[PDB]
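Since the structure comes first, as structure tokens, the remarks are kept for the end.
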Number of protein chains: 2
Amino acid sequence: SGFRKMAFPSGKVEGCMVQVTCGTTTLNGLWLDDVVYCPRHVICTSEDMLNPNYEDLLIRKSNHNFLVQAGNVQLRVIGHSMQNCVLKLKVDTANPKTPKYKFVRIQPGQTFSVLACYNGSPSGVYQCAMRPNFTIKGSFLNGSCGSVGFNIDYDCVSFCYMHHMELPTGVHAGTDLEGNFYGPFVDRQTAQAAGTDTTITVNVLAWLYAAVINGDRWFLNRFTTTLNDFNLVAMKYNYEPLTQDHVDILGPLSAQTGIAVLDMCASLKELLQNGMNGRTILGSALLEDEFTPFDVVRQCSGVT
Amino acid sequence: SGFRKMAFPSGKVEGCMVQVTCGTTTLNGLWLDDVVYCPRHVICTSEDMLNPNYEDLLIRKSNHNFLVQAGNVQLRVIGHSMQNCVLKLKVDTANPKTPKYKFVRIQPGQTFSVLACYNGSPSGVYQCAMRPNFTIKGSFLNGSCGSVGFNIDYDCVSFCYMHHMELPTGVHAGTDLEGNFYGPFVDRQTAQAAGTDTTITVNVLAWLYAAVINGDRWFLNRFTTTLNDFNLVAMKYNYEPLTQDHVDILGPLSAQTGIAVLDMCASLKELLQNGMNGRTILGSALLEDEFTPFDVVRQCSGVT
Ligand SMILES: Cc1ccncc1NC(=O)[C@@H]1CCC2(CC2)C1
Ligand SMILES: Cc1ccncc1NC(=O)[C@@H]1CCC2(CC2)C1
């Protein structure tokens, strides 16, 4: 019993973190096999950030200009290429600690763990969600660029995020491991609109099931609703519209608890319309949307 | 910018986790040097749990009865001893992945990361606080016993907690690494009173400083208070009384922000008396007490 915002064990990712320096900028790199991946803005200076011409800046760099250090040992760079917003530094040594891994592009609403790093060293790990507007609300200071987000299925690490930018609003933006930004963002020090965000409805429902499983039941009511009626409420409260695909993914939790998905929707509807009335659910005084239905099943059954 | 409930990177602890089986019970062990530490209740059966005679149960066991498996390799047990509520299994091989470590007994109100494990395998990591009443609100299912809590200062892991029990209330209890329970708890399946808990005042203040540093300032007011006046409010709201030692520990945050500790206390006083009025602070709709002043300084400065 108990339900926590759990991150994946970060060990497999810790063994991939390196420091990448180019000129006066130092940030983090991800060393997998004989390739080090890092944000391409490692090649910029202060005068560049407003609108860097990355192609031109990269042309003035050679393999020997990229200083890559794994803990205390230096890696020899034998190639460099820019793919979208990431640099790929080919090194002469394959990382002995390379885990089984994949590069995946996550969907908005999905969750992942971030290993925050500075100068190639891990500082901490936390779980978060990719917002519906493709931003993340992380904890990143200058030097954290290149820190990655990932998920782990048994022995395979699926890398889904690499940190690149802090928007003027204090929210975070980054790319998949092929250097494609999530969202409309560009890697430049410019004010950039993040779309209107919404609350991840399917995740709040998953978390309400986690609450029932762990004893927090006060919010269960005698009502039901329909997808149409619920979606009118979700519209008013800036919640993502619920679809049958979302209901289908909540199936395991509905089956375990015996509470029909539309009945749980009616509980969520009443919580949106009436608030928590000074009460809490799983130690929170707000509706938590950072747990997917998969996260709830995994945590509630002790999957390692 | 941004402030998250960050756990320490768990890699150094992951390399110490082993599976310990004795009879029909399997749980987690911590392998450091040539010693495996685990809860002594691994030697119990269902009929024992109500009030196990651990000394008698342990006398019926021999070194060969403790099955210790590190991933896929079996460890040879050459000695066994019970120290308080932990078993120490001497093995013939020192853990090659033993990090620099210490065993520490944390104080109530201090925080630490837990690496939740099942069958010797890590499932996740989360940060929590040792409650003033010596319980922890974790996420532990059957099989998680032996999972540990720790802190990391550069390369040294300070192990402070080993999980033993879930109280009938769903809160968690465990020991230091010498097997001494935190709190009044005994390792038996019996209803056991946890003392009256309180909110960790110094941590809420630290978190209010973290909020100001990251832009959440709406709760700052034109008032001040005294330790005496504040402690009358803290008494009413079941907050720990604030002492000059707590004010002294908040010094770095008071100096960084320019907000005197007693001024921040006046903000906390008004939040306790008036509530949040449907607003949030660092993504929370309640007063968070799971960040120490040290955690706030570390996270706000990117210590690795
Ligand atoms: C200073 C900082 C803090 C946290 N996270 C990231 C950063 N850095 C940035 O956002 C810079 C400015 C724009 C950029 C994309 C090209 C990199
Ligand atoms: C079933 C479970 C779940 C989570 N954490 C722990 C447990 N197990 C226990 O609490 C047992 C019963 C009493 C005990 C101390 C001797 C071990």
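Letters A, B, ... mirror the listed sequences (proteins, then strands); counts begin at 1.
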* Please report the shortest heavy-atom distance between B/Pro168 and B/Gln192, naming the atom on each side. => CD-N, 4.5 Å
* Structure fact -> Note: B/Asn28 and B/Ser147 closest approach over all heavy atoms is ND2-OG, 3.7 Å
* Is a donor on one side and an acceptor on the other found under 3.5 Å between the side chain of B/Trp218 and the backbone of B/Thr280? -> yes
* To do: Check whether any side-chain N or O of B/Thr111 sits under 3.5 Å from a backbone N or O of B/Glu290 as a donor-acceptor pair, and report yes or no.
  => no
* Give a yes or no on whether the backbone of B/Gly120 and the side-chain of B/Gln19 come within a donor-acceptor separation of less than 3.5 Å. => no
* To do: Take atom CZ of A/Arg217 as the centre, draw a 6.0 Å sphere, and report whether it contains more than 12 heavy atoms from other residues, nucleotides or ligands.
  => no
* Asked: What is the distance from atom CD1 of A/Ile281 to atom CD of A/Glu288, rounded to the nearest 0.5 Å?
  -> 9.5 Å
* To do: Verify, without hydrogens or angle tests, whether B/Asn119 (side chain) and B/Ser121 (backbone) share a donor-acceptor contact under 3.5 angstrom.
  => no
* Side chain A/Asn151, main chain A/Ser158, donor-acceptor under 3.5 Å -> no
* Asked: Are B/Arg131 and B/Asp289 ion-paired here, with the side-chain N under 4.0 Å from a carboxylate O?
  -> yes
* Is the number of heavy atoms from other residues, nucleotides or ligands within 6.0 Å of CG (A/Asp248) greater than 12? -> yes
* Any chance you could lay out the side-chain hydrogen bond (donor to acceptor under 3.5 Å, both in side chains) test for B/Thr21 and B/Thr26, step after step, and finish with the verdict? => CA-CA 4 Å; B/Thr21 295; B/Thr26 293; 2.7 Å; yes
* Chi angles and distances behind the side chain to side chain contact (heavy atoms under 4.5 Å, CB included) call for A/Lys12, A/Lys100 -> CA-CA 9 Å; A/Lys12 292 159 179 287; A/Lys100 286 178 190 178; over 6 Å; no
* Please determine which of A/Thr201, A/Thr199, A/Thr198 meets the side chain to side chain donor-acceptor pair (under 3.5 Å) test together with A/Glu240. => A/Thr198
* **Close side-chain approach of A/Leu250 and A/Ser254, heavy atoms under 4.5 Å** => no
* Asked: Taking 4.0 angstrom as the limit, do B/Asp295 and B/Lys5 come out as a salt bridge?
  -> no
* **Residues, nucleotides or ligands: over 12 heavy atoms within 6.0 Å of B/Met49 CE** => yes
* Asked: For the atom pair CG (A/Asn133) and CD1 (A/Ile136), what is the distance rounded to the nearest 0.5 Å?
  -> 11.5 Å
* To do: Would you please test A/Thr243 and A/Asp245 for side-chain hydrogen bond (donor to acceptor under 3.5 Å, both in side chains) and show each step?
  => CA-CA 5 Å; A/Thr243 67; A/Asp245 289 343; 4.9 Å; no
* How far does CZ of A/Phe159 sit from CZ of A/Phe150, to the nearest 0.5 angstrom? -> 7.5 Å
* To do: State whether the side chain of A/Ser301 and the backbone N or O of A/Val297 hold a donor-acceptor pair below 3.5 Å, judged by distance alone.
  => yes
* Steps toward side chain to side chain contact (heavy atoms under 4.5 Å, CB included) verdict (B/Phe8, B/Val157) -> CA-CA 10 Å; B/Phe8 285 104; B/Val157 179; over 6 Å; no
* Asked: Where does the angle between the aromatic ring planes of A/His163 and A/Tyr161 fall among parallel (under 30°), tilted (30 to 60°) and perpendicular (over 60°)?
  -> tilted
* Over all atoms of both residues, closest heavy-atom pair of B/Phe134 and B/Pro108 -> CE2-CD, 3.6 Å
* **Verdict with supporting geometry, B/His164 and B/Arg40, side chain to side chain contact (heavy atoms under 4.5 Å, CB included)** => CA-CA 9 Å; B/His164 289 239; B/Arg40 67 179 180 167; 5.6 Å; no
* To do: Look at the side chain of A/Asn231 and the backbone N and O of A/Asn228, then say whether any donor-acceptor pair between them is shorter than 3.5 Å.
  => no
* Judged by atom type as modelled, is there a donor-acceptor pair below 3.5 Å linking the side chain of A/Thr226 to the main-chain atoms of A/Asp229? -> yes
* For B/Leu141 and A/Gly302, which heavy atoms make the closest approach, and how far apart are they? -> CD1-N, 3.5 Å
* Asked: Using the benzene-type ring in the case of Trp, are the ring centres of B/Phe291 and B/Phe3 under 6.0 Å apart?
  -> yes
* Asked: At their closest point, which heavy atom of A/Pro9 faces which heavy atom of B/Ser123, and how far apart are they?
  -> CD-O, 3.7 Å
* **side chain to side chain contact (heavy atoms under 4.5 Å, CB included) assessment of A/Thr292 paired with A/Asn203** => CA-CA 5 Å; A/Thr292 70; A/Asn203 288 5; 3.8 Å; yes
* Asked: What residue among A/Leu208, A/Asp263, A/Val212 forms side-chain contact (heavy atoms from CB on, under 4.5 Å) with A/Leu220?
  -> A/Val212
* Look at the side chain of A/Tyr209 and the backbone N and O of A/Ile259, then say whether any donor-acceptor pair between them is shorter than 3.5 Å. => yes
* B/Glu166 side chain to A/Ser1 main-chain N or O, any donor-acceptor pair under 3.5 Å? -> yes
* To do: Step by step, work out the side-chain hydrogen bond (donor to acceptor under 3.5 Å, both in side chains) result for B/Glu47 and B/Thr45.
  => CA-CA 6 Å; B/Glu47 313 96 38; B/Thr45 65; 3.2 Å; yes
* Structure fact -> What one should report as the nearest heavy-atom pair of A/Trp207 and A/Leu286 is CH2-O, 3.3 Å
